[PDB]
Amino acid sequence: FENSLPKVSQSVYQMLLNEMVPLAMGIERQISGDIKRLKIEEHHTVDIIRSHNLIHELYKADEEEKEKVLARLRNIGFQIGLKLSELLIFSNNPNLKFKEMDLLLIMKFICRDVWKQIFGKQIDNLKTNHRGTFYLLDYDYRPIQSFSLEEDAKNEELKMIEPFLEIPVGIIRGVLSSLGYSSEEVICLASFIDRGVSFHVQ
Amino acid sequence: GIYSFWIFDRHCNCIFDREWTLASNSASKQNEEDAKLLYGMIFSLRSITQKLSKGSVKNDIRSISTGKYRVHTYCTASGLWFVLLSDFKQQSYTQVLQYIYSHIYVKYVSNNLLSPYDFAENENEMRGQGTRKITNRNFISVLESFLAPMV
Amino acid sequence: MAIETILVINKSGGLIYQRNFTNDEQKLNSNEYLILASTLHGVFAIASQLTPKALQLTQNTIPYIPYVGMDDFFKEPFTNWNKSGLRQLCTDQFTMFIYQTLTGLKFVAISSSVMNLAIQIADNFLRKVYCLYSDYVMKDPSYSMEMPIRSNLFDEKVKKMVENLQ
Amino acid sequence: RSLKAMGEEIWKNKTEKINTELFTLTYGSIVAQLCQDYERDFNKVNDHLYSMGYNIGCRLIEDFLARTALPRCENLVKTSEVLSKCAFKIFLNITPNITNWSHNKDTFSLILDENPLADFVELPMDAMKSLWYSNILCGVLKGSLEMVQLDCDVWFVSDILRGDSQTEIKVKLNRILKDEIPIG
């Protein structure tokens, strides 16, 4: 039961997870279709922006370009979600067969194993409306503990945190479409009760 | 005893400063009083420490004691300085300052993407006098959570 | 405690006396000791300049007497002339003990011992070398004012004191 | 005490997770993004990977120095010591080897044994001759070393995925940065 098979650090993955978002902003704002910096390579030059200025460029982003960004985040979460679910297949969980007729039985899979694998802990609560709408909860979403809010400007800080939520949107969308189809699935906020984010699915 | 607390920079600007006895924590009447001359003192005594060094490894300064007060200091390898002032009642605070570096500055400033890493916003006036922002919601709260039980 | 390199600076200029004695080696001494002595002269004024918000008084500023040396030079606890000024420096390889005198003249002992009572034995030892400076340099007629020390006698008066310390 | 002993020692107080099934396919998914968004360009992807690498290396150097408190390096003996004996030890659970320095020792190479960034990828035929895969590592080794006051330049020579020769990275001191002291 206790498998001690090879491993790396959590911190470098968590910070790579965090810099997937300005990677997406950099790949959209620089599509190369015809203040910044400059670097020296051998007979070669690159020109970069830094991350927090690019999140501030998301604060000054166009509205249609903002949703053009957010498709890419759920696309990359979708890819890593379906491939990570495909590796979970090796685990041989006995809950499910295919097409998820009993939808909460694989909600008892994702909270038990997938969120344990990505974020080191279970999803602490799940509430069930029986029309397919299921109410996620976790008190502390793991890759936003390191995001420091500024001094008394939390209305900007909400707007600069919640575009980091499209990656687990991609995770749960990818593990659903590894098991057959696409249905609607959104985010929430759910201000926590004792000293983070909630999710809806069909 | 923690009368004051200051953070310096690779580009030699005071970027954070805290004053004890419920004194201002912001970085603006306390600005440039003791900030440049304290850098001159730490830089000068570090420079004569690095000039008179024997062995393979160069040494760095730990503490400076006056009659009134005592100064504890800590450097990184990247060029960022933790300094603190006490009143001789306790021994060296390098464990405390390295706990600050290992548990507060990296957790809420450096790995915090949302605020910049210590730098000058591409200024040619990065030689000095660049006022900066290491203010956050939670950084000052956990810092005063740690520091205020000792007095 | 244990003292390994002695430095006597001017009250208002570059240093008068320097000995890297009892280190059986060759280190550089030429023209960087004048620069470092001038920077000690500057940063004593800088270290005095900044005031933490104490605003109290000496309620103090007096050691005792450990019988350091070897009839000592003084048999009672005494007083101090640097209330708000630099007193030691502490690094990895050395601790530098400094003691200034009321006329403005300072004395520096670089000590290779590593890491309260050290301040007491340091102030006692540097007051004793102030006594030998007064008794063996200021009495000399050939010694002009604020010039480098040329006395051969002051040398084996202080070498014997340091080798009496350890 | 030794730099082998510290780098192995941090693995008793480091939070860990699985190196397959996460963290390989993160890099694989973002390089799939860069391949599909530039319409299979093979050299601009190296530039954007090196840019994101520079940013993550400049953000990672502080966590490396706060995890083990070490003095500032000065030559390519202490950097070639500290890299291969604790840095890839505590960030990737691996250890590379050092060879092929010059006469003045102003370079070295960085032969890597088990790269955990490319485990069973087998890149296709067109990308095999005009693409470098692990450019996030070259970005890290630029951006980390550029903040301990050394200008540097770190480049791949060959790797296992396209070539018979091993995975190695070439590197030049390219001078030592001068710390700027005065006011002006």
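Residue numbers (the authors' numbering), protein chains in the order written: chain B, 33 to 66, 85 to 245, 257 to 263; chain D, 2 to 29, 35 to 157; chain E, 1 to 59, 65 to 75, 104 to 148, 169 to 219; chain C, 8 to 191.
Where a beta carbon is used, it is the ideal one built from N, C-alpha and C, also for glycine.
- The C-beta distance from E/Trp114 to E/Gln59 rounds to 19 angstroms, too long to meet the 8 angstroms contact threshold.
- Beta-bridge partners assigned by DSSP to B/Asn175: B/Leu187.
- A direct Cα-to-Cα measurement between C/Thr174 and C/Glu129 gives close to 14 angstroms.
- Two segments are said to touch when three or more pairs of C-beta atoms, one from each, lie closer than 8 angstroms; by this definition the segment 4–15 of chain D does not touch the segment 153–165 of chain B.
- Counting the other Cβ atoms within 10 Å of the Cβ of C/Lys149 gives 16 or more, which makes it buried.
- For D/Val89 and D/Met132, the gap between their C-alpha atoms comes out near 21 angstroms.
- At least one CB atom of chain C sits nearer than 8 angstroms to the CB of B/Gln42.
- C/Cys93 has a beta carbon lying at 8 angstroms or more from every beta carbon in chain D.
- Those residues of the segment 94–121 of chain D placed with their C-beta closer than 9 angstroms to a C-beta in chain C are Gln104, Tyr107, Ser108, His109, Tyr111, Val112, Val115, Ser116, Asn117, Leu119, ordered along the chain.
- For C/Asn53, the enclosing alpha helix (DSSP H) stretches over residues 51–74.
- Contact residues of the segment 70–83 of chain C toward chain B are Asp70 (C-beta to C-beta distance below 7 angstroms).
- With contacts defined as CB atoms closer than 8 angstroms, E/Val211 and E/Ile9 fail to qualify as a contacting pair.
- Counting C-beta atoms within 10 angstroms of its own C-beta, D/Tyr75 has 16 or more neighbours from the protein chains shown and is therefore classed as buried.
- Going by DSSP, B/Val262 is part of the beta strand (DSSP E) stretching over 260–262.
- Ranked by Cα distance from E/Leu34, the options E/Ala45, E/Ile46, E/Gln18 are led by E/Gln18.
- When the beta-carbon positions are compared, C/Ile97 and B/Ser41 come within less than 8 angstroms of each other.
- Beyond the five residues adjoining it in sequence on each side, E/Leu28 comes within less than 6 angstroms, by CB distance, of no other residue in the same chain.
- DSSP places E/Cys184 outside any beta strand (DSSP E); the residue lies instead in the alpha helix (DSSP H), whose first and last residues are 170–189.
- The beta carbon of E/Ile3 sits closer than 7 angstroms to those of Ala142, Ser144, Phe178, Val215, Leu218, all from its chain and outside the five residues before and after it, given in chain order.
- Look at the segment 92–113 of chain C: the residues with a C-beta under 8 angstroms from a C-beta of chain B are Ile97, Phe98, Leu99, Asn100.
- With contacts defined as CB atoms closer than 8 angstroms, D/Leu103 and B/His102 fail to qualify as a contacting pair.
- Below the 9 angstroms Cβ cutoff, chain C contributes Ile68, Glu69, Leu72, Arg79, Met154, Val155, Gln156 as neighbours of D/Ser84, in chain order.
- Between the alpha carbons of C/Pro78 and B/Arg87 lies a distance of about 29 angstroms.
- Cβ neighbours of B/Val262 within its own chain (closer than 6 angstroms, five residues either side excluded): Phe184, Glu235.
- DSSP links D/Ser71 through a beta bridge to D/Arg76, E/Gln121.
- Here the segment 41–58 of chain C lies against the segment 142–160 of chain C, with 3 or more beta-carbon pairs under 8 angstroms apart.
- Residues of chain C whose Cβ lies closer than 7 angstroms to the Cβ of B/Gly65 do not exist, since the nearest Cβ in that chain is about 11 angstroms away.
- At least one CB of chain B lies nearer than 8 angstroms to the CB of D/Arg143.
- Interface with chain D (8 angstroms Cβ-Cβ cutoff): B/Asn50 is included.
- For the segment 56–75 of chain D, the beta-carbon criterion of a distance under 8 angstroms to any beta-carbon of chain C is satisfied by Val63, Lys64, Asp66.
- The DSSP assignment places 142–150 as complete runs of the alpha helix (DSSP H) inside the segment 102–157 of chain C, in order along the chain (cut-off: 4 residues).
- Its chain contains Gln56 as the residues whose beta carbon lies nearer than 7 angstroms to that of D/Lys64, once the 5 sequence neighbours on both sides are disregarded; these appear in chain order.
- Counted as a single uninterrupted DSSP element, the stretch harbouring B/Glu91 is not any alpha helix (DSSP H) but the beta strand (DSSP E) occupying residues 89–91.
- Identification of chain B residues near D/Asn128 by a Cβ-Cβ cut-off of 8 angstroms yields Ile85, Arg87, ordered along the chain.
- B/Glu117 carries a helical assignment under DSSP once its states are collapsed to helix, strand and coil.
- Chain D has a Cβ within less than 8 angstroms of the Cβ of E/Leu122.
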